[PDB]
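A single chain comes next, written as structure tokens; it is the form deposited in one PDB entry.
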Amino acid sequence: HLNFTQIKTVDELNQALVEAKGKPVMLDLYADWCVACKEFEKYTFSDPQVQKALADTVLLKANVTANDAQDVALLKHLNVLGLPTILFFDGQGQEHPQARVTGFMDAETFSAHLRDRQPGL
């Protein structure tokens, strides 16, 4: 498995970003009831090459299973309309919406995505 850092609230994301100054960041939105999210963990985040490509990236994950106030506020703040969703941030903590992943991608597809669209790297 890849080593993610759990963040819960909008401001935990913001702090995490401020701390990752100078480094590329990726945020995975996850939920227990999300099937394709599970596919990502089992088939994509598990790929040896995908992992090496993410070796020097700050990895963040928000677990939104409960769908509580904080989860909803976060999803709303990120303008996330569904799962799975992966966000990407540059060294200046700025997100690149044009780099979002909103469906499942297998290892190969995701590898090409990181190669062609990942910010800050």
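From 1 onward, residues are counted along the sequence shown.
Heads up, the form deposited with a partner chain bound isn't pictured, but that's what we're talking about next.
For residue 48, no non-hydrogen atom is located within 4.5 Å of its partner chain in the entry with it bound, even though that partner is not displayed. At the 4.5 Å threshold, heavy atoms of residue 102 reach its partner chain in the entry with it bound. In the entry with it bound, residue 98 approaches its partner chain with a heavy atom inside 4.5 Å. Taking the partner from the other structure, its partner chain in the entry with it bound has no heavy atom within 4.5 Å of any heavy atom of residue 60. For the candidate spot formed by 32, 36 and 39, every residue has a non-hydrogen atom within 4.5 angstroms of its partner chain in the entry with it bound.
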